[PDB]
Amino acid sequence: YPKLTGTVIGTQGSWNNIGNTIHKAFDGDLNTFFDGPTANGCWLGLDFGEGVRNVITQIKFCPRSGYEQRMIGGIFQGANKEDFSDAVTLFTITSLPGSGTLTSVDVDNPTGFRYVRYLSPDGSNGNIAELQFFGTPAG
Ligand SMILES: OC[C@H]1O[C@H](OC[C@H]2O[C@@H](O)[C@@H](O)[C@@H](O)[C@@H]2O)[C@H](O)[C@@H](O)[C@H]1O
Ligand SMILES: [Ca+2]
Numbered sequence: 017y018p019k020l021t022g023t024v025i026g027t028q029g030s031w032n033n034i035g036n037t038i039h040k041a042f043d044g045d046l047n048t049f050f051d052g053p054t055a056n057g058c059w060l061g062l063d064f065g066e067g068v069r070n071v072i073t074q075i076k077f078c079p080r081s082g083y084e085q086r087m088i089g090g091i092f093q094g095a096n097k098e099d100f101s102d103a104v105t106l107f108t109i110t111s112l113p114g115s116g117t118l119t120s121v122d123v124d125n126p127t128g129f130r131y132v133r134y135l136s137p138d139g140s141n142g143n144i145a146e147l148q149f150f151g152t153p154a155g
């Protein structure tokens, strides 16, 4: 299934205002990463757009090099409300992701979502180098 496109959404700003914003997780470079402005609460994802819903069949991600531990416990969610109050967890990261590569995980949830995100665990500053969603328009 193809890589899904959308509008990047999530935590605004970056650590020490250096500029490593959420957009660095979608730029195709595994060397660039999102470094959030706070230790906790950081998240990033996509809005596929009004009236657009995709079924998610796979997620790929790559940790920030040297900070792979900061992804453990992170979750990926799908939702149809931008505040994620109706979210369901699509996958939970429970082991250390390999450095410098995209780890691919299958998703088995038939629901169509307008919104998807990665919700980072405490102490991570949202650290992630790259994030990709795959799937198909909801029937
Ligand atoms: O705390 C978030 C922060 O963690 C690392 O930096 C930790 C500290 O490193 C030190 O060398 C000092 O620069 C100190 O100011 C830092 O808090 C990451 O390298 C950084 O990007 C950021 O994620
Ligand atoms: Ca990147």
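Here the sequence shown is numbered in our numbering, starting from 17 and rising by one per residue.
We put the beta carbon where it would ideally sit given N, CA and C, even for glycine.
Fewer than three pairs of CB atoms, one per stretch, sit closer than 8 angstroms, so the region 45-58 makes no contact with the region 87-94.
Note on geometry: alpha-carbon atoms of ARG133 and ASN32 lie some 23 angstroms from one another. The beta carbon of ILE38 lies closer than 7 angstroms to those of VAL24, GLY26, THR27, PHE50, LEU60 in the same chain, with the five residues before and after it left out. Closest in alpha carbon position to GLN85, among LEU135, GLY67, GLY139, is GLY139.
Contiguous beta strand (DSSP E) elements confined to the region 95-127 occur at 104-108, 119-122, taking only those with 3 or more residues. When the beta-carbon positions are compared, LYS97 and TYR131 come within less than 9 angstroms of each other. When secondary structure is reduced to three states using DSSP, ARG80 falls in the coil class, being assigned neither helix nor strand.
Bounds of the beta strand (DSSP E) holding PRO153 are 146-153. Under the three-state reduction of DSSP, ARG133 is assigned to strand.
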